[PDB]
Amino acid sequence: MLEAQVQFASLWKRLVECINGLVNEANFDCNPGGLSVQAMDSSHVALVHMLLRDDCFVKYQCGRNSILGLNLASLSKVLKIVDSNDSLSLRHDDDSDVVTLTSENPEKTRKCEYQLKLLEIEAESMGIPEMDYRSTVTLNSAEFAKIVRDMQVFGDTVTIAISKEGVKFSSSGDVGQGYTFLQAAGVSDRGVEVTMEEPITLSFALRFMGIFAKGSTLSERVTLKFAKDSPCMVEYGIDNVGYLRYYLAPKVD
Amino acid sequence: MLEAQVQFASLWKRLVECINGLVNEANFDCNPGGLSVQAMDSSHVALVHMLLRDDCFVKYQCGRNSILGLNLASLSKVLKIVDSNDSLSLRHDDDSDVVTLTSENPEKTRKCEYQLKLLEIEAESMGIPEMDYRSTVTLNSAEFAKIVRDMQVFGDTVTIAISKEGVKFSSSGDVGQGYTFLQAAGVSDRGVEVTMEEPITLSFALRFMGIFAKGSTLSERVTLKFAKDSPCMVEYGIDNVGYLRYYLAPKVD
Amino acid sequence: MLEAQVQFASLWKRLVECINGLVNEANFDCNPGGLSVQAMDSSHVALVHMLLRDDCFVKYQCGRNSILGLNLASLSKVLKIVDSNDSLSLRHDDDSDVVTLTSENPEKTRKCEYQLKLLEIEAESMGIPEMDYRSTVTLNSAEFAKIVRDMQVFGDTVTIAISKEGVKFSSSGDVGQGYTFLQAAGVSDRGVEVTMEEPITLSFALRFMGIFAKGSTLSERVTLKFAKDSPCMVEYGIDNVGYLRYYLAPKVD
């Protein structure tokens with residue numbers, strides 16, 4: 001008999017969005033740890049890990065370690081109609097086969113309740129190739145989102161070069177050739193924060209880069225980790241309550 | 001002969017929207033009382049009745065009861081171009097076969113004039129239902145619009161359950177099952193008012209409540225009236241110079 | 001060598017949009033007097049002339065008069081991505097065959113470089129039509145723009161009529177008939193400025209007037225010159241650094 005009440009429904013909304021863009025169904029591992037979603041796309045090139053630490057909710061209950069699959073496509077539909085600044089309780093009951101969403105006014109005068117059938121989804125299998133180590137770059141999430149969305153006019157293959165205090169995005173297509181340089185501002189105190197062990201230059205699929213970048217709604221900064229010849233990682237982190245990561249394979253030559 | 005000129009054309013633009021949702025030609029009864037439209041949708045389930053009273057216009061001249069058939073499609077198209085803050089004169093001459101919309105700039109520097117051919121429309125049939133209403137809820141027009149656009153994600157029939165302190169809007173369907181609930185106590189003399197004759201519960205095509213709920217461009221509040229086994233009424237008041245009133249058959253067996 | 005950096009990219013962005021809606025490829029003559037584009041629509045009925053005087057750029061080098069033909073589709077695409085308020089520099093090296101675009105932050109913090117392949121476009125026939133007569137009218141660009149879009153709900157041919165008093169745009173079609181009238185009697189002494197010799201009433205292909213009107217993003221005002229049985233002209237002066245000028249064939253039975 002799980003329960004998970006976040007305070008501003010806007011979060012769930014911005015999440016399911018990001019994630020729906022990559023898989024249309026997925027399992028919600030509910031542990032008293034918190035909620036997590038792990039999943040791959042249909043072409044098995046990209047990974048989603050999302051954590052919501054139990055201390056992220058304003059209520060919580062997971063004595064059990066239950067799993068709930070559901071339709072993201074449908075959750076996305078129900079979530080679009082849910083006011084941004086309403087509260088939102090996820091809920092289950094033993095073998096119910098139905099999860100139930102519950103929105104309430106701040107002023108406690110509007111109450112909505114939505115109920116989705118669940119699935120019925122198979123074991124995750126592949127997950128968590130780790131750990132990149134070699135180079136880290138951090139930057140403006142929405143800056144980043146733009147840069148991908150931008151490169152896409154050229155090819156659907158971005159190339160990321162990590163230089164001494166440099167991160168360079170190139171692409172090629174029929175149109176021609178673009179790039180974008182970002183020098184590293186550093187380092188304190190109260191811009192781009194490269195931190196390489198290496199000049200390393202991998203490249204990636206833009207379709208998928210794009211899917212990821214939708215994350216910029218959850219976090220102002222975004223972190224990119226690389227390892228020559230390994231699944232790279234893009235991490236959007238909630239400040240005190242969890243993270244969203246994507247891993248994606250390089251192109252090989 | 002008929003001249004009828006409103007100050008700000010926004011009002012016309014907004015109204016033809018409301019009603020072009022239900023029917024695409026209507027007869028306008030023009031009489032010295034003012035303009036009135038009364039129309040029924042092709043399936044005979046929903047009736048519109050709109051009245052702009054004579055004083056809604058900055059000036060109004062209607063010797064005799066003439067009837068003009070107008071293609072709401074075309075009208076709507078022409079109103080889309082007329083500016084919100086311009087004035088609009090609707091005029092028709094003795095045996096003119098056409099009606100003419102003239103619009104002027106507040107500063108009289110610009111003058112637009114549009115002529116619409118006018119149709120002959122088979123007489124709009126069944127008459128206004130009434131009257132005794134067990135119940136009467138009155139909530140925010142814009143809220144109500146959201147509620148019916150919301151319910152539409154589920155299925156296309158909305159059940160409206162009326163309680164004291166409550167009115168429940170429920171759906172069902174392939175995506176699942178929602179309900180939005182609005183409560184009604186306090187506070188005189190300072191939400192959602194309700195009225196005690198009985199607990200009553202009817203349901204209705206969402207297709208049509210949708211068409212209705214565009215009424216929220218005309219009035220901050222909408223009023224719902226209901227009676228057992230009878231056509232509900234949704235009335236939006238136009239600034240105390242007319243009303244837009246809709247009626248829909250329950251989806252009873 | 002050639003090198004032409006404008007201060008705010010906005011200009012090129014709004015510019016390519018204008019001409020891109022007339023031809024999808026065209027020639028960029030760059031002489032030391034400035035940049036010029038002459039272009040004819042495929043249907044050989046209408047004409048773009050566009051100049052930007054050398055004083056218009058923050059840096060401008062053009063010792064000899066080289067031509068660059070290039071794809072307006074691609075160019076439009078690249079400039080959608082470029083920030084309005086970034087600098088943007090245009091370069092071509094001896095016979096390079098590729099032009100390079102270079103955007104930069106005001107604060108030199110992000111740098112972008114795009115490269116496009118150029119082409120050979122064949123010279124488009126007839127120079128520009130010379131003789132102009134005493135019909136003129138100058139209005140708000142944006143009001144002009146609205147009027148075409150407006151007149152287009154009726155037909156596909158606007159009829160422009162210059163009188164001492166004002167200019168009359170009219171149009172007919174399925175929907176009905178419509179006109180817009182504007183006047184210019186006096187300013188006396190602090191929008192419309194007619195200055196004709198004789199009354200003159202031509203008509204025109206709305207499709208193109210639409211295309212032309214996009215110019216309104218360039219200049220707050222717009223001048224239309226006419227001449228009995230001749231191609232009219234629409235001029236959008238850039239603010240003393242250039243002009244965008246369109247020529248269209250009248251339509252006579």
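Residues numbered from 1 in each chain as written, not as in the entry; some residues may be left out. Chains lettered and ligands numbered in written order. Heavy atoms only, no water.

The deposited coordinates derive from X-ray crystallography, with the record listing a resolution of 3.20 Å.

## A short note on the sheet that holds strand β8 (residues 98-104) of chain B
What counts is decided by this rule: DSSP bridges decide pairing: two strands pair if at least two such bridges lie between them. To qualify as a helix, a DSSP run of H or I must reach at least 4 residues; to qualify as a strand, a run of E must reach at least 2; elements of each kind are numbered from the N terminus. The convention used is that axes are lines fitted to C-alpha atoms, helices contributing only their stretch in contact, and that angles between N-to-C directions extend from 0 to 180 degrees. Contacts: residue pairs with any heavy atoms within 4.5 Å of one another.
With respect to topology, nine strands assemble into an open sheet ordered β5(B)-β1(B)-β7(B)-β8(B)-β9(B)-β13(C)-β12(C)-β11(C)-β15(C), the strand pairing being antiparallel. Looking at strand neighbours, the two that pair on one side only are β5 (59-61) of chain B together with β15 (200-205) of chain C, the edges of this open sheet. Pairs of neighbouring strands in the sheet enclose a mean axial angle of 15 degrees, with direction left out of account. The strands touched by helix α2 (residues 72-81) of chain B are β7 (87-92), β8 and β9 (110-117) of chain B; relative to β9 of chain B, the strand with the most contacts, the crossing angle is about 175 degrees.

## Some details on the pairing of strand β1 (residues 2-6) of chain B
All names here are of chain B. Going by this rule: For the exposure calls, accessible area comes from a 1.4 Å probe over protein chains only, and a residue counts as buried if that area is under 20% of its type's maximum, exposed if over 50%, partly exposed in between.
Here β1 lies mainly inside the structure; four of its five residues are buried. Of the pairings in the sheet, the one linking β1 to β5 comprises three bridges and is antiparallel in character. If you follow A4 over to β5, its bridge partner there is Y60.

## Brief notes about the state of the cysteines
Disulfides are covalent bonds that connect the sulfur atoms of two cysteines. How we decide: When the sulfur atoms of two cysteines come within 2.5 Å, that pair is taken as a disulfide.
Counting across every chain of the model gives zero disulfides over all chains. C56 of chain B takes part in no disulfide bond, and the closest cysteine sulfur, belonging to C30 of chain B, lies 13 Å away.

## Description of the interface of chain A and chain B
Condition: A quick way to say it: buried area is the sum, across both parts, of accessible area lost when two parts are put together, with a 1.4 Å probe. Salt bridge criterion: a side-chain nitrogen from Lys or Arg within 4 Å of a carboxyl oxygen from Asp or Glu. Between N or O atoms, a polar contact is any pair within 3.5 Å; within protein, one atom must be a potential hydrogen donor and the other a potential acceptor, and residues adjacent in sequence are included only when both atoms are from side chains.
Across the boundary between the two partners, chain A contributes 13 residues, which contact 14 residues of chain B. Summed over both partners, the interface of chain A with chain B buries about 1,200 Å², with 53% contributed by carbon and sulfur atoms. Counting every contact that joins chain A to chain B gives zero salt bridges. The interface formed by chain A and chain B contains seven residue pairs in polar contact. At the level of secondary structure, the elements contributing two or more residues to the side of chain A that touches chain B comprise α2 (72-80) and β8 (110-117) of chain A. A per-element tally of the side of chain A that touches chain B places β8 of chain A first, with seven residues.

## Describing the pattern of salt bridges
Pairing is possible between side chains of opposite charge, provided their charged atoms come close. In the structure shown here, the tally under the stated rule is 27 salt bridges over all chains. Put simply, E3 of chain C and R91 of chain C hold a salt bridge, and the shortest N to O gap is 3.1 Å. Here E3 of chain C, found in strand β1 (residues 2-6), pairs with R91 of chain C, found in strand β7 (residues 87-92); they are 88 residues apart in sequence, far enough to count as distant. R91 of chain C sits in the partly exposed class, given a relative accessible area of 35%. Its salt-bridge partner being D150 of chain C, residue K146 of chain C comes within 3.4 Å of it at the nearest N-O pair. One end of the pair is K146 of chain C and the other is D150 of chain C, both in helix α3 (residues 141-151) and four residues apart, which spans about a single turn. Ionic contacts of the salt-bridge type, sharing partners, join the residues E143 of chain A together with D86 and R110 of chain C into one network.

## Quick notes on the packing of helix α1 (residues 10-20) of chain C against helix α2 (residues 72-81) of chain C
Residues and elements named next belong to chain C. Note the cut-off: We call two directions roughly parallel when the angle between them is under 35 degrees, roughly antiparallel when it is over 145, roughly perpendicular when it lies between 65 and 115, and oblique otherwise. Crossing chirality is assigned from the near helix's rotation relative to the far helix, an anticlockwise turn below a right angle marking it left-handed and a clockwise turn marking it right-handed. Three categories are distinguished: nonpolar for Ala, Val, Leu, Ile, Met, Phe, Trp, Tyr, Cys and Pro, charged for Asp, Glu, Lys and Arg, and polar for the others, with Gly belonging to the last.
The N-to-C vectors of α1 and α2 enclose an angle of 150 degrees; their axes lie 10 Å apart at closest approach. Between α1 and α2, the angle falls in the class roughly antiparallel. Considering the relative orientation of α1 and α2, their crossing is left-handed. Between α1, through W12, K13, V16, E17, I19 and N20, and α2, the contact on the second element is made entirely by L72, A73, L75, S76, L79 and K80. Partitioned by chemical class, the residues of the contact of α1 with α2 number seven nonpolar, two polar and three charged.

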